[PDB]
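Peer 1: Handing you a structure now.
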Amino acid sequence: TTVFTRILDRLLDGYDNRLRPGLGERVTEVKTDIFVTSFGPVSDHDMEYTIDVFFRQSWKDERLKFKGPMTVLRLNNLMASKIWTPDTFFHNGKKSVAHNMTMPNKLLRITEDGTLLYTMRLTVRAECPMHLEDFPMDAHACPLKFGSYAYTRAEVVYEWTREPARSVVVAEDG
Amino acid sequence: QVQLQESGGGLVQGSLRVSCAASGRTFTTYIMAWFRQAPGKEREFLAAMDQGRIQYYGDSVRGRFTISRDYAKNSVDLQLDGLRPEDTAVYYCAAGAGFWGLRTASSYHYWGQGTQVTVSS
Amino acid sequence: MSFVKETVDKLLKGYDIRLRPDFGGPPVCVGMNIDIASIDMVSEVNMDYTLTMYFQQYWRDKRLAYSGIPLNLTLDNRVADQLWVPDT
Ligand SMILES: *[C@@H]1O[C@H](CO)[C@@H](O[C@@H]2O[C@H](CO)[C@@H](O[C@@H]3O[C@H](CO)[C@@H](O)[C@H](O)[C@@H]3O)[C@H](O)[C@H]2NC(C)=O)[C@H](O)[C@H]1NC(C)=O
């Protein structure tokens with residue numbers, strides 16, 4: 001009814017998406033975690049590997065507080081692109097894909113207290129340097145590294161939502 | 001043969017720097033780390049640095065000790081600051097790809113002689 | 001935080017993207033930095049090599065000078081569409 005559209009229209013009033021939450025008075029804390037749907041092929045010829053991930057971040061933006069009967073607010077992608085989200089990027093990524101079929105494969109939820117939860121579906125090709133001295137008896141530890149591109153340690157800090165071991169969950173069939 | 005020489009002081013009332021020079025192999029693509037062993041036979045992870053220049057630290061020495069790598073010289077340095085009497089121990093320099101590890105000594109194939117550190121108050 | 005917001009609004013408002021810094025004055029001096037993330041694939045068939053890098057460009061722009069805010073304003077990347085940048 002009218003309450004939903006009114007809250008949606010009145011959230012962005014005076015919102016500046018060029019500025020991170022708590023700019024100049026606190027550090028934006030981002031709780032992140034990953035669900036690996038499939039650990040894709042590992043191409044030792046290219047020293048790369050593919051991984052399909054539900055990558056979901058969460059933070060707090062008091063600018064987007066609201067009140068209503070509803071405690072959860074879903075944002076469409078047009079409005080989700082109109083607010084500040086972390087500029088997370090993969091340090092060892094080569095060519096990653098943000099899925100868009102049939103509509104952008106991302107979601108943005110807002111809680112009444114201003115907590116944002118931002119989920120994405122990604123296919124990331126990442127570098128895996130290999131020591132092939134003991135080939136074919138060799139073993140490797142392929143990394144997946146990510147973080148903010150623009151915001152330094154004193155502005156944005158990432159953390160794991162749960163214990164770090166339990167914050168990256170690989171699917172049984174994946 | 002592959003060797004990991006260590007250099008640095010052994011006595012301080014303080015600030016200190018312990019360097020590690022690797023010879024016999026280029027560890028540009030390997031992870032170079034520092035470990036500590038106090039009396040009692042328990043080896044403790046301190047710091048590690050990667051080919052991507054990413055610094056990992058242990059909780060006990062987070063923000064106190066700083067790890068750096070000179071890839072041209074193929075060496076790894078550890079700056080120790082805010083020493084305490086309880087920090088007396090033997091410090092080991094390690095290298096090797098971190099398989100099942102990056103915080104476990106079993107994942108490192110190469111180790112050095114070690115350097116003794118004592119602090120008196 | 002509203003102080004930073006109004007400062008940014010002042011800086012961007014009345015800003016002509018078409019004119020370089022010191023448009024009539026001396027030439028703008030652009031410094032450059034590269035951090036080579038990886039050289040991926042050197043081809044002897046195709047006569048080329050692939051290179052991933054962090055490419056940074058530094059330049060002075062008096063139009064964007066601000067005071068009273070002791071911190072360095074790292075902004076959302078989309079503001080790059082609003083500022084003049086070199087044609088490198
Ligand atoms: C905002 O940006 C400015 C300019 O990038 C920052 O200022 C600068 O601070 C860095 C780090 O302290 C300096 O780098 C160093 O140079 C000194 C020279 O003596 C050297 O001793 C250090 O070991 C280091 O290599 C840089 O020179 C300096 N540049 C200036 C002042 O023009 C500033 O820290 C940033 N942050 C804020 C809040 O302003």
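Residues in the structure tokens are numbered from 1 in each chain, the chains being A, B, ... in the order shown, and ligands are numbered from 1 in the order shown.
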Pick out the residues no farther than 9 Å from ligand 1, counting only C-alpha atoms and all ligand atoms, and list them as number ranges by chain.
Peer 2: C: 70-73
Peer 1: Can you build me a table of chain B residues sitting at most 12 Å from chain C, with the closest atom pair per residue and its distance in Å to one decimal, using only C-alpha atoms, sorted by chain and residue number, as CSV?
Peer 2:
```
residue,atom,partner,partner_atom,distance
B:29,CA,C:38,CA,12.0
B:51,CA,C:37,CA,10.2
B:52,CA,C:37,CA,8.1
B:53,CA,C:37,CA,10.6
```
Peer 1: Would you save the residues of that selection, restricted to N, CA and C atoms, as a PDB file, in the first residue's frame?
Peer 2:
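What follows is the written file selection-v7.pdb:
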```
ATOM      1  N   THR B  29      57.997 -16.450  -5.272  1.00  0.00           N
ATOM      2  CA  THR B  29      56.654 -17.007  -5.319  1.00  0.00           C
ATOM      3  C   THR B  29      56.267 -17.757  -4.050  1.00  0.00           C
ATOM      4  N   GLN B  51      53.531 -13.534  -1.863  1.00  0.00           N
ATOM      5  CA  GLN B  51      53.939 -12.949  -3.137  1.00  0.00           C
ATOM      6  C   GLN B  51      53.162 -11.675  -3.448  1.00  0.00           C
ATOM      7  N   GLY B  52      51.928 -11.567  -2.968  1.00  0.00           N
ATOM      8  CA  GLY B  52      51.122 -10.381  -3.145  1.00  0.00           C
ATOM      9  C   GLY B  52      51.367  -9.288  -2.130  1.00  0.00           C
ATOM     10  N   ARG B  53      52.436  -9.389  -1.337  1.00  0.00           N
ATOM     11  CA  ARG B  53      52.788  -8.402  -0.319  1.00  0.00           C
ATOM     12  C   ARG B  53      51.718  -8.269   0.757  1.00  0.00           C
TER      13      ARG B  53
END
```
Peer 1: Write out as an MDAnalysis selection string the residues lying within 6 Å of residue 75 in chain B, counting only C-alpha atoms and excluding same-chain residues fewer than 2 positions away.
Peer 2: chainID B and resid 20:22 69:70 73
Peer 1: Would you tabulate, counting only C-alpha atoms, all residues of chain A that have an atom at most 12 Å from an atom of chain C, showing the closest pair of atoms and their distance in Å to one decimal, sorted by chain then ascending number, as a tab-separated table?
Peer 2:
```
residue	atom	partner	partner_atom	distance
A:14	CA	C:5	CA	10.0
A:15	CA	C:5	CA	9.7
A:16	CA	C:5	CA	7.3
A:17	CA	C:76	CA	7.3
A:18	CA	C:76	CA	4.7
A:19	CA	C:75	CA	6.2
A:20	CA	C:76	CA	7.9
A:21	CA	C:1	CA	9.2
A:22	CA	C:1	CA	7.3
A:23	CA	C:1	CA	6.2
A:24	CA	C:1	CA	6.5
A:25	CA	C:1	CA	7.6
A:26	CA	C:1	CA	10.5
A:45	CA	C:41	CA	10.1
A:46	CA	C:41	CA	7.8
A:47	CA	C:40	CA	8.8
A:48	CA	C:40	CA	9.9
A:63	CA	C:1	CA	10.9
A:81	CA	C:78	CA	10.9
A:82	CA	C:78	CA	10.8
A:83	CA	C:76	CA	10.1
A:84	CA	C:76	CA	7.7
A:85	CA	C:76	CA	9.1
A:86	CA	C:76	CA	9.3
A:87	CA	C:76	CA	8.3
A:88	CA	C:77	CA	11.8
A:90	CA	C:37	CA	11.7
A:91	CA	C:37	CA	8.4
A:92	CA	C:37	CA	8.0
A:93	CA	C:52	CA	9.8
A:94	CA	C:52	CA	8.1
A:95	CA	C:52	CA	10.7
A:126	CA	C:40	CA	11.5
A:127	CA	C:40	CA	9.1
A:128	CA	C:40	CA	11.2
A:129	CA	C:38	CA	10.5
A:148	CA	C:76	CA	11.6
A:149	CA	C:77	CA	9.7
A:150	CA	C:74	CA	6.9
A:151	CA	C:74	CA	6.9
A:152	CA	C:74	CA	9.2
A:154	CA	C:71	CA	10.9
A:155	CA	C:74	CA	9.3
A:156	CA	C:74	CA	11.2
```
Peer 1: Have a look at A:169, A:3, A:34, A:144 and name the one nearest to residue 118 in chain A; count only C-alpha atoms.
Peer 2: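 Smallest distance to residue 118 in chain A is found for A:34.
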Peer 1: In Å, how far is it from CA of residue 28 in chain C to CA of residue 14 in chain C?
Peer 2: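 Value for the CA of residue 28 in chain C-CA of residue 14 in chain C distance: 20.3 Å.
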Peer 1: Extract the full set of helix (DSSP H, G or I) residues from range 44-85 of chain A according to DSSP on the backbone, and format it as a VMD selection string.
Peer 2: chain A and resid 62 to 64 77 to 80
Peer 1: Write out the residues from the selection above, keeping N, CA and C atoms, as a PDB file, in the first residue's frame.
Peer 2:
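Final file, out_18.pdb:
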```
ATOM      1  N   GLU A  62      23.337   4.583   9.019  1.00  0.00           N
ATOM      2  CA  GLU A  62      22.288   5.245   9.782  1.00  0.00           C
ATOM      3  C   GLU A  62      21.542   6.287   8.961  1.00  0.00           C
ATOM      4  N   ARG A  63      22.101   6.724   7.831  1.00  0.00           N
ATOM      5  CA  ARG A  63      21.383   7.647   6.963  1.00  0.00           C
ATOM      6  C   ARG A  63      20.109   7.026   6.412  1.00  0.00           C
ATOM      7  N   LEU A  64      20.071   5.698   6.286  1.00  0.00           N
ATOM      8  CA  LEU A  64      18.940   4.981   5.712  1.00  0.00           C
ATOM      9  C   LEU A  64      18.067   4.328   6.777  1.00  0.00           C
ATOM     10  N   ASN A  77      16.917  -2.690  -8.083  1.00  0.00           N
ATOM     11  CA  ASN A  77      18.295  -2.456  -8.494  1.00  0.00           C
ATOM     12  C   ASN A  77      18.540  -1.001  -8.873  1.00  0.00           C
ATOM     13  N   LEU A  78      17.534  -0.318  -9.423  1.00  0.00           N
ATOM     14  CA  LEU A  78      17.699   1.096  -9.741  1.00  0.00           C
ATOM     15  C   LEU A  78      17.978   1.910  -8.486  1.00  0.00           C
ATOM     16  N   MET A  79      17.231   1.654  -7.412  1.00  0.00           N
ATOM     17  CA  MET A  79      17.486   2.344  -6.154  1.00  0.00           C
ATOM     18  C   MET A  79      18.696   1.768  -5.434  1.00  0.00           C
ATOM     19  N   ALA A  80      18.949   0.467  -5.581  1.00  0.00           N
ATOM     20  CA  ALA A  80      20.127  -0.124  -4.957  1.00  0.00           C
ATOM     21  C   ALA A  80      21.411   0.465  -5.522  1.00  0.00           C
TER      22      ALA A  80
END
```
Peer 1: Would you list which chain A residues are within 10 Å of chain B using only C-alpha atoms, as a PDB file with N, CA, C and O atoms, in the first residue's frame?
Peer 2:
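The result, written out as out_31.pdb:
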```pdb
ATOM      1  N   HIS A  91      41.628  -9.133  -5.429  1.00  0.00           N
ATOM      2  CA  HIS A  91      42.992  -8.708  -5.729  1.00  0.00           C
ATOM      3  C   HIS A  91      43.619  -9.571  -6.811  1.00  0.00           C
ATOM      4  O   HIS A  91      44.313  -9.058  -7.695  1.00  0.00           O
ATOM      5  N   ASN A  92      43.392 -10.882  -6.758  1.00  0.00           N
ATOM      6  CA  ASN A  92      43.964 -11.819  -7.713  1.00  0.00           C
ATOM      7  C   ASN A  92      42.974 -12.227  -8.798  1.00  0.00           C
ATOM      8  O   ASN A  92      43.166 -13.261  -9.441  1.00  0.00           O
ATOM      9  N   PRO A 129      49.010 -19.113  -8.679  1.00  0.00           N
ATOM     10  CA  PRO A 129      50.402 -19.476  -8.972  1.00  0.00           C
ATOM     11  C   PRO A 129      50.727 -20.867  -8.452  1.00  0.00           C
ATOM     12  O   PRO A 129      50.305 -21.253  -7.361  1.00  0.00           O
ATOM     13  N   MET A 130      51.500 -21.611  -9.241  1.00  0.00           N
ATOM     14  CA  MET A 130      51.766 -23.020  -8.983  1.00  0.00           C
ATOM     15  C   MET A 130      53.259 -23.296  -8.996  1.00  0.00           C
ATOM     16  O   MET A 130      53.992 -22.790  -9.851  1.00  0.00           O
ATOM     17  N   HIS A 131      53.695 -24.105  -8.036  1.00  0.00           N
ATOM     18  CA  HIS A 131      55.052 -24.639  -7.982  1.00  0.00           C
ATOM     19  C   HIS A 131      54.994 -26.061  -8.526  1.00  0.00           C
ATOM     20  O   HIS A 131      54.621 -26.994  -7.811  1.00  0.00           O
ATOM     21  N   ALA A 139      51.061 -30.387  -4.939  1.00  0.00           N
ATOM     22  CA  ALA A 139      49.843 -29.865  -4.347  1.00  0.00           C
ATOM     23  C   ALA A 139      49.969 -28.354  -4.237  1.00  0.00           C
ATOM     24  O   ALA A 139      51.074 -27.821  -4.122  1.00  0.00           O
ATOM     25  N   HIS A 140      48.828 -27.671  -4.271  1.00  0.00           N
ATOM     26  CA  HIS A 140      48.784 -26.218  -4.342  1.00  0.00           C
ATOM     27  C   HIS A 140      47.761 -25.671  -3.361  1.00  0.00           C
ATOM     28  O   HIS A 140      46.904 -26.395  -2.854  1.00  0.00           O
ATOM     29  N   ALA A 141      47.876 -24.373  -3.093  1.00  0.00           N
ATOM     30  CA  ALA A 141      46.942 -23.630  -2.251  1.00  0.00           C
ATOM     31  C   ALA A 141      46.524 -22.406  -3.055  1.00  0.00           C
ATOM     32  O   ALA A 141      47.178 -21.364  -2.999  1.00  0.00           O
ATOM     33  N   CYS A 142      45.446 -22.539  -3.808  1.00  0.00           N
ATOM     34  CA  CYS A 142      45.009 -21.447  -4.664  1.00  0.00           C
ATOM     35  C   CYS A 142      44.323 -20.376  -3.820  1.00  0.00           C
ATOM     36  O   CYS A 142      43.387 -20.694  -3.082  1.00  0.00           O
ATOM     37  N   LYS A 145      41.496 -13.590  -2.769  1.00  0.00           N
ATOM     38  CA  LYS A 145      41.723 -12.422  -1.935  1.00  0.00           C
ATOM     39  C   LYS A 145      40.816 -11.301  -2.405  1.00  0.00           C
ATOM     40  O   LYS A 145      40.650 -11.101  -3.609  1.00  0.00           O
TER      41      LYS A 145
END
```
Peer 1: From the DSSP assignment of the backbone, select every residue of range 15-107 of chain B that is strand (DSSP E or B), and format the answer as a PyMOL selection string.
Peer 2: chain B and resi 16-23+32-38+42-49+55-57+66-70+75-80+89-95
Peer 1: Quote the spacing between CA of residue 106 in chain A and CA of residue 6 in chain A in Å to one decimal place.
Peer 2: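 Atom-to-atom, CA of residue 106 in chain A to CA of residue 6 in chain A, that is 23.4 Å.
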Peer 1: Pick out the residues sitting within 7 Å of residue 88 in chain B, and hand them over as a PyMOL selection string; count only C-alpha atoms, and ignore anything fewer than 3 positions along from it in its own chain.
Peer 2: chain B and resi 38+85+117-119
Peer 1: For residue 121 in chain B, find every residue with an atom within 12 Å (counting only C-alpha atoms), except residues of its own chain fewer than 6 positions away, and show them as a list in words.
Peer 2: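 Returned residues: residues 11, 12, 13, 14, 83, 84, 85, 86, 87 and 88 of chain B.
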Peer 1: Within 8 Å of range 15-18 of chain C, counting only C-alpha atoms, which residues qualify if same-chain residues fewer than 4 places away don't, as a ChimeraX atom specification?
Peer 2: /C:11,63,82-84
